[PDB]
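Shown next, in C-alpha cells, is the structure this report addresses.
Order of the sequence lines fixes the chain letters, A, B, ..., with proteins taken first and strands second; residue numbering starts at 1 for each chain. Every heavy atom of this structure was used, including side-chain atoms; hydrogens, water molecules and symmetry mates were not. In listed order, ligands and their atoms are each counted from 1.
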Protein chains: 6
Amino acid sequence: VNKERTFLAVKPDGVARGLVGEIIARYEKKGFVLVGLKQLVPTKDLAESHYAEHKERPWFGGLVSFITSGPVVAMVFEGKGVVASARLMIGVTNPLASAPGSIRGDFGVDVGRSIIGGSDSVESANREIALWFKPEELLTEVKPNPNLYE
Amino acid sequence: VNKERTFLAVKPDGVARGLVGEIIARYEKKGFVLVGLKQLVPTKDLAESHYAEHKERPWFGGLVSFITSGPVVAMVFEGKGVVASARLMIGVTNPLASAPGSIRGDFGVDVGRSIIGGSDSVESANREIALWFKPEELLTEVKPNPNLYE
Amino acid sequence: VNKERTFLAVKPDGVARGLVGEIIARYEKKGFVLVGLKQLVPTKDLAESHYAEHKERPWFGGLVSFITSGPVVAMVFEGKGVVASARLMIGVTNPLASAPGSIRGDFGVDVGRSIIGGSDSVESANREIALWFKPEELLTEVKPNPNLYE
Amino acid sequence: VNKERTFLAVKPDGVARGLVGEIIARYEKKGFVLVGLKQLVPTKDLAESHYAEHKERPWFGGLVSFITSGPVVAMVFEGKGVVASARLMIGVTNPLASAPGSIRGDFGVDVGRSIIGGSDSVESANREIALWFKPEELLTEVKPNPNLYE
Amino acid sequence: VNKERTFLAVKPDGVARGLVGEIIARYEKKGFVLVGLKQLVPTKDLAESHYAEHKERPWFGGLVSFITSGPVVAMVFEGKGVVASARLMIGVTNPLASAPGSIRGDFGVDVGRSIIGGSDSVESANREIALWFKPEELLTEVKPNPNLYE
Amino acid sequence: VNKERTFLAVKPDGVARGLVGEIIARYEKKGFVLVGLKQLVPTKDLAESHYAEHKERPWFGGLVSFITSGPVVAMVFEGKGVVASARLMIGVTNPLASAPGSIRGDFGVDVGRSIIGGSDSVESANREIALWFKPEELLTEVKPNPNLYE
Ligand SMILES: B=[P@@](O)(OC[C@H]1O[C@@H](n2cc(C)c(=O)[nH]c2=O)C[C@@H]1N=[N+]=[N-])OP(=O)(O)OP(=O)(O)O
Ligand SMILES: B=[P@@](O)(OC[C@H]1O[C@@H](n2cc(C)c(=O)[nH]c2=O)C[C@@H]1N=[N+]=[N-])OP(=O)(O)OP(=O)(O)O
Ligand SMILES: B=[P@@](O)(OC[C@H]1O[C@@H](n2cc(C)c(=O)[nH]c2=O)C[C@@H]1N=[N+]=[N-])OP(=O)(O)OP(=O)(O)O
Ligand SMILES: B=[P@@](O)(OC[C@H]1O[C@@H](n2cc(C)c(=O)[nH]c2=O)C[C@@H]1N=[N+]=[N-])OP(=O)(O)OP(=O)(O)O
Ligand SMILES: B=[P@@](O)(OC[C@H]1O[C@@H](n2cc(C)c(=O)[nH]c2=O)C[C@@H]1N=[N+]=[N-])OP(=O)(O)OP(=O)(O)O
Ligand SMILES: B=[P@@](O)(OC[C@H]1O[C@@H](n2cc(C)c(=O)[nH]c2=O)C[C@@H]1N=[N+]=[N-])OP(=O)(O)OP(=O)(O)O
Ligand SMILES: [Mg+2]
Ligand SMILES: [Mg+2]
Ligand SMILES: [Mg+2]
Ligand SMILES: [Mg+2]
Ligand SMILES: [Mg+2]
Ligand SMILES: [Mg+2]
C-alpha cells in the first residue's frame, strides 16, 4: 500500500538544462522517498525496452536516439499512490497542455523535449524499475515518516 | 465584501515539517492580509469543537488526538473571497488528488497528514475564528492595499 | 509554427508590487524566448487601443486610467503555441478563480488588479505587438534551443 | 545546550511588505524550532521597554513611534547558538552593508526599515522573550531532532 | 538621497541562460526601483564606449565582440546607495571568488561569462545610463516607498 | 582546465531532511556538471577509507557509524575550480559559523549534522571519486557550455 514504487527519469533535455535538482526536490517535498538513484547514458536496448509499447509508432525511432543521446538521471520513489501522483506532478503528454505547477507545465513546450518520463501504472512501474535498477541498488527497510503517514 | 475572513491552521504535521513559513508566504503573496496569528497546543475540547461536524465519524477520534498531539499555528486571513480561495490554494481533502501548485498537492500524500486545515464556508469561518481567537487578538482597521484592491 | 509570438504586459499593480522578475522568470523557465522588452508609462491612446474591444464596457474607463497610472513592463515572447500557453500560465479573468500555480492564481484577488495582461489569440497578439513595439525593437534571427525544440 | 532561545520580531515594515512567511521559513530551514509566535500591535510601554537600551538616542522617539505604528509578528526560536546565528542570518545594522543571503541584505536599504529585529545576546533574549511572551504562550516540551542534533 | 541610480546589464550569457527574471527580482526584493528597462543587441560603438576604461586590455576586443554577440537587457535602478549595493549583490570580478548569495557566486564560474555587469561608481553610472538610455526612456516621477524609506 | 572534478556527498541527515534536490540544483545553477551520481548505504570500509584522515579522532568511530547509518547520495561535479568553489558553497566546518547563502549556513546547526561533505583538494577529490565511483559510472564525454565558458 504505502510501499508502492514508481520509476522516474530526467530525460536528456532535462539533464542538459540543469533541472535535475528541481525535479528531485519536488518529489522530496511531496513526501515520496527516493529508493533508487543514478545517472547514466541509456543504451539503445534500454531505450527500446523502456518504450517497447511504442515500437510501432512513427516517432519511436526519434525517441530512442534522443533518450540515448545524453546522460539521464533515473529515480525510484516510494509512497502511497506514488505512481498516479507522480504523473499528476509531471503533467500530461503535451507540455503546452500541462498545467502550471506541473513539471512539463512550468518547463516544457515540445512533446519531444518532455523533460521527465515516468511510469503510467503499477504494472509498468514494476517493469521499468526492474529494467533500470538491479535489486541491490534499491533501499530495503524503508520506515514510514510519522509526519507523512498516519 | 473585501473584509471577509477565513481561519487557517497549520496542522501538527505541518509544523513538525517546518512548513509554517512556506504556507504563510503563499497567502501573503496572494494578497490576503494576516489579521490573527499564534502557535499553541490545541486542547481536546478545541479539537472536537473545530471538527464537531465530524463527531460521529469513525476517524474523528484519531483526528482529535492528532490535532492535539503537537503545536499548531493558527491564522486568520482577510480579503475578497478569501474563504473559497484559501480552499483552492489548499487543494482538496485527499492530498494525492490535490493538484500541483496547491499546498497539499505539493506537500501531502495522506489524508491524516493534510498539513493545513481551513474553513469551508463563511459560516464555518466566523465560527472557527471566534473559536480560536479572542476579539482583541485580531486587527481592526485594516486598510485595503491600493495595489491589491480597486 | 515555433516562431509564434505573444504580447505580455506587467500591469501597473504588478510593477508596483515588484513582481516583474517573477513573471519574466516564469516565462523563461517555460522555454519561451523574450524577443521584445521595455518599461514605459502607457499613454491614454495606447491604453484604449490595446483594449479597444472593450470600449463600450462600463469599466473600460476605469481600466484605461489605471493602465496609464504608472509604469508598465511590456514583453514579447516567442515559442510553440506561446499565445494560449501564456494565457494558461496567467490564469483566467478572475484572479480568485485562477488556479494555484498560475500568475493571477498565486498573486491576485481583484479583476481590476490582474497583475499581468496578455494576448488571447494570434490575431490579437500580432495587433498588440505591432501596437506596443516597433519592428527594430524585436529580435530577428532567433535560433531554436536544441534542448527545447525537437 | 541546544535549548538556547532568542527573540525575533519582524518590524511593521516587514509585515507590510508581506515578508513574514519568507522570514519564518529561513529559520525553519536552519533547523531552529519556533517555540512562540503571535501577531500584535506593540504598546508604547512595550516598545520603550524593548529598546530602552537606546533611551538616549535622537532617534529613540522615532523608533518607538514606528514600532507601535502597525502590527508586528513576535517569534521565539530555540536551538544551538540560535542567538548569534539568528543575528548572522539577519545581517548587520545597515541593510546596505548587510550581505546577500542575509534578510536585510536581500530585502532592506534603510536602517529605519530594517525588516526584522533580534536579540543580540542570551541575556537580552531572556529579557525580550519574558517581555513579549507570557510563559503560557511558550512551548514547554523542547524536543530535539536527530537529523539536526547528534 | 534615495534618488541615486546605477546601470545594470545582464550580459549575453545571462540572457541565454534565462537568468533575466531571476536577476531583476533580486533587485526588486531589495527595494530598488526599476526606472529604465529594455532589450537590445549592443553596437560596437556602444560596447566600446561602455568599457572604454579597458581599451588597453589584451582581452578588450574579446569582451566587445562578446557583448555585441547577442541580446542584452539593460536596466536602471534607483535607491539609497544602489550603486555600491548593486555591486555587492553582483559579487566580485571572479565568479568563483564571488560568495554564495551573490549573482555571480550562485550562477557563474568564468570571468568571461560574468552574467551581469554594473556601474562601479555614481560617476560611472551617470555616464553609463546616459550612454544606454535616452531621457525619455527613464522614469521621471521618482516616488519613495514608506515601508522602504522613513 | 575546466575539467577539474570534486566529490560531493550529502550525508544521511541531508537525505533524511529531503535536501538532496535542493543541493544538486545549487551546483547546477553555478554551471557545474554532474558527471556521476547514485544513492547507496556506505560500508564501514568505505566510510573508514573516506575519512581515514581523521583515524586519530575521538569522534572518528562516531562519524563512521553515522555515515553508514543511512542512505547517502554521492555526486561528482566537474568545472573550473569546482573543488574550492564547492567548498565555498558548502560553508565551513561549523554550520553555525557558515554564512547565509551557503548550504550549512542555511540548513545546519550541528557539526555532526553537517548535511553535505566535500573534497577539500584536487588530490583528495581524485582519491574520493575513485573510492566512491567506478570508472564506468563516470561521464566520459566532458562537454563545455559556451554560455558558461569562453
Ligand atoms: B506517449 P508517451 O509515453 O510518450 C513517450 C515519448 O514518445 C515521444 N513522442 C510521443 C508522442 C505521443 C508524439 O506525438 N511524439 C513523440 O515524439 C516523446 C515522449 N515523451 N513524452 N512525454 O507519453 P508520457 O507517458 O507522457 O511520457 P513517458 O512518461 O516518457 O512515457
Ligand atoms: B473532511 P474534512 O474536514 O477532514 C477533516 C479531517 O478528518 C480526518 N479524516 C477525514 C477523512 C475524510 C478521512 O477519510 N479520514 C480522516 O482521518 C483528517 C482531516 N484533514 N483533512 N483534510 O476535510 P477538509 O475540509 O479538507 O479538511 P479541514 O480543512 O481540516 O476541515
Ligand atoms: B476581459 P479582459 O480582457 O479584461 C481586461 C481588463 O478589463 C478590466 N475589467 C474586466 C472585467 C471583465 C470586469 O468585470 N471589470 C474590469 O475592470 C480589468 C481587466 N484585466 N484583466 N484581466 O480579460 P483578460 O483577457 O483576462 O485580461 P487582459 O489580458 O488584460 O486582456
Ligand atoms: B542599533 P540597533 O539596535 O537599532 C535598533 C533600531 O533603531 C533604529 N535606528 C538605529 C540607529 C542606530 C540609527 O541611527 N537610527 C535608527 O533609526 C532602527 C533600528 N533597526 N535596525 N537595524 O540595531 P540592531 O540591533 O541591528 O537591530 P534591532 O534588532 O532592531 O535592535
Ligand atoms: B574588470 P571588469 O570591469 O571586467 C569587465 C569584463 O571584462 C572581461 N574580462 C575582464 C578581465 C579583467 C579579464 O581578465 N578578462 C576578461 O575577459 C569580462 C568582464 N566581466 N566581469 N566580471 O569587471 P567588473 O567591473 O566586475 O564587471 P563589469 O561590470 O562587467 O565591468
Ligand atoms: B573536519 P571535517 O573533515 O569533519 C568531517 C566530519 O567529522 C565530524 N566531526 C568533525 C569534527 C572536527 C568534530 O569535532 N566532530 C565531528 O563529529 C562531522 C564532520 N562534518 N562536518 N562539517 O570537516 P569538513 O571537511 O568541513 O567536512 P567533510 O567534507 O564532512 O569532511
Ligand atoms: Mg509513457
Ligand atoms: Mg473540513
Ligand atoms: Mg483581454
Ligand atoms: Mg538591537
Ligand atoms: Mg567594470
Ligand atoms: Mg573534510
Exercise. Contact residues of ligand 4 with a heavy-atom cut-off of under 4.0 Å?
Worked result: D:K11, D:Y51, D:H54, D:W59, D:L63, D:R87, D:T93, D:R104, D:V111, D:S114, D:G117, D:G118
Exercise. Under 3.5 Å, is there a donor-acceptor pair between the D:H54 and D:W59 side chains?
Worked result: no
For this session: Not counting sequence neighbours, list each pair that qualifies as a side-chain hydrogen bond (donor to acceptor under 3.5 Å, both in side chains) and has a residue in residues 61-73 of chain D.
Result: none
Exercise. Do the ring planes of B:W132 and B:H50 sit parallel (below 30°), tilted (30 to 60°) or perpendicular (above 60°)?
Worked result: perpendicular
Exercise. Is the shortest distance from a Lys or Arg side-chain nitrogen in B:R113 or A:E150 to a carboxylate oxygen in the other one below 4.0 Å?
Worked result: yes
Exercise. Is the side chain of D:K30 donor-acceptor paired with the backbone N or O of F:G105 at a distance under 3.5 Å, no angle test?
Worked result: yes
For this session: Locate the shortest heavy-atom distance separating F:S102 from F:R26; write the atom from each residue and the value.
Result: C-NH1, 3.3 Å
